[PDB]
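Observations on the three-dimensional arrangement
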Amino acid sequence: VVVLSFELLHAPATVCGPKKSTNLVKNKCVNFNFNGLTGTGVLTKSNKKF
Amino acid sequence: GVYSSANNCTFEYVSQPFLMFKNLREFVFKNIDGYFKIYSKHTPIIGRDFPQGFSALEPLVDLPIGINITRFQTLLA
């Protein structure tokens, strides 16, 4: 027998289920979610340097 | 490098930057809502202490620890 506590706590903690990622699509109007940042738009290759 | 004693270890983190005529080593250490954040930058030194010019510190690590910090001590060799 295996028993999983899943206790939870006040402190911030990152244990989480894996998030699946789809394939990327550019130059079309799509909905998107990039690491929690969500929105709607057309994604194109950028010349900006981060 | 002798160290002494500790128990019930909670969090570990290794070698994000691996290492961090002279260089100024600037660090900012802050603890906000349980996340311990370290920002740092290296500035070349040419014999003038604190080289002048604006220089901003980039983020180094962000540790979701939740530790309560009220005091700290610097460990010297």
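Before any of the text, the structure's been laid out above.
Residues numbered from 1 in each chain as written, not as in the entry; some residues may be left out. Chains lettered and ligands numbered in written order. Part of a larger assembly, values for the part shown. Heavy atoms only, no water.

A tally of helices and strands in chain A yields zero helices and two strands. Against the compact-globule benchmark of 10 Å for 50 residues, chain A has a radius of gyration of 18 Å, which places it well outside the compact range. Seen through its principal axes, chain A has C-alpha atoms that stretch 50 × 25 × 20 Å. Expressed as a percentage of the 50 residues in chain A, the buried residues total 8%. (Helix = DSSP H or I, 4+ residues; strand = E, 2+ residues; numbered from the N terminus. Rg over C-alpha atoms; globule rule 2.2 N^0.38 Å. Buried < 20%, exposed > 50% of the residue type's maximum accessible area, 1.4 Å probe, protein only.)

What follows deals with the overall build of chain B. The helix and strand inventory of chain B stands at zero helices and three strands. From first element to last, N terminus to C terminus, chain B shows the α and β order β-β-β. Here the C-alpha radius of gyration of chain B, 16 Å, is well above what a compact globule of 77 residues would show, namely 11 Å. Counting only C-alpha atoms and orienting by the principal axes, one finds that chain B spans roughly 45 × 35 × 25 Å. Counting over 77 residues, chain B shows a buried share of 16%. With the model as given, the accessible surface of chain B reaches about 7200 Å², and the carbon-plus-sulfur share is 55%. (Areas by Shrake-Rupley, 256 points an atom, 1.4 Å probe, with all protein chains shown as cover.)

With that out of the way, let us pick up the layout of surface pockets. Residue and element names in this part refer to chain A. Taken as a whole, the largest pocket spans an internal volume of roughly 390 Å³. In terms of lining residues, the largest pocket is bounded by 15 residues, among which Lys20, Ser21, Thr22, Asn33 and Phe34 are the most central. Of the residues assigned to the lining of the largest pocket, the class counts are six nonpolar, seven polar and two charged. (1 Å grid on protein atoms, 1.4 Å probe; cavity = no way out; pocket = protein on both sides within 12 Å on 5 of 7 lines; lining within 4 Å. Points joined across faces, edges and corners; volume = space filled by probe spheres on them. Nonpolar A, V, L, I, M, F, W, Y, C, P; charged D, E, K, R; others polar.)

Next up on the list: the packing of aromatic side chains. When we look at a pair of aromatic rings, we describe it by the centre distance and by the angle of the planes. In this structure the tally under the stated criterion is three aromatic pairs over all chains. An aromatic cluster of at least three residues, connected via ring pairs, comprises B:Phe27, B:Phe29 and B:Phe36. (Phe/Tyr/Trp six-rings, centres within 6.5 Å; stacked < 30°, edge-to-face > 60°.)

Across a sheet, strands are paired by hydrogen bonds formed along the backbone, either parallel or antiparallel in direction. Residue and element names in this part refer to chain B. Strand order in the open sheet formed by three strands is β1-β2-β3, and the pairing between neighbours is antiparallel. The open sheet has two edge strands with one neighbour each: β1 (22–32) and β3 (58–64). If you compare each strand with its neighbour and ignore which way they point, the axes differ by 20 degrees on average. Sheet analysis places β1 next to strand β2 (residues 35–45), joined by eleven bridges and oriented antiparallel. Bridge pairing in β2 links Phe27 to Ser40. (Pairing = 2+ DSSP bridges. Axes fitted to C-alpha atoms, helices over the stretch in contact; angles between N-to-C directions.)

With respect to the helices and strands, B:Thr43 occurs in strand β2. In contact with B:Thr43, not counting residues within four places along its chain, are B:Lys22, B:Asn23, B:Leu24, B:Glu26, B:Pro51 and B:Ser55. (Contact = heavy atoms within 4.5 Å.)

Another point: a nonpolar patch on the surface. Together, A:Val2, A:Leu4 and A:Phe6 make up an exposed nonpolar region whose accessible area comes to about 400 Å². Among the secondary structure elements, A:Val2 is positioned in the segment before β1 (29–34). (Patch = residues over 30% accessible without salt bridge, like charges linked within 9 Å, V, L, I, M, F, W, Y side chains within 5 Å. Salt bridge = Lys/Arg side-chain N within 4 Å of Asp/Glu carboxyl O.)

Right, let's get into unusual backbone geometry. The phi torsion at A:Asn27 lies on the positive side, around 65 degrees, for a residue other than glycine. Checked against the element boundaries, A:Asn27 lands in the segment before β1. Note on A:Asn27: relative accessible area 55%, which makes it exposed. The backbone of B:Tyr3 shows a phi angle near 65 degrees, a positive value even though the residue is not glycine. Note on placement: B:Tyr3 falls in the segment before β1. For B:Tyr3, a relative accessible area of 67% corresponds to the exposed category.

On their own, these measurements won't tell you what the molecule is for.
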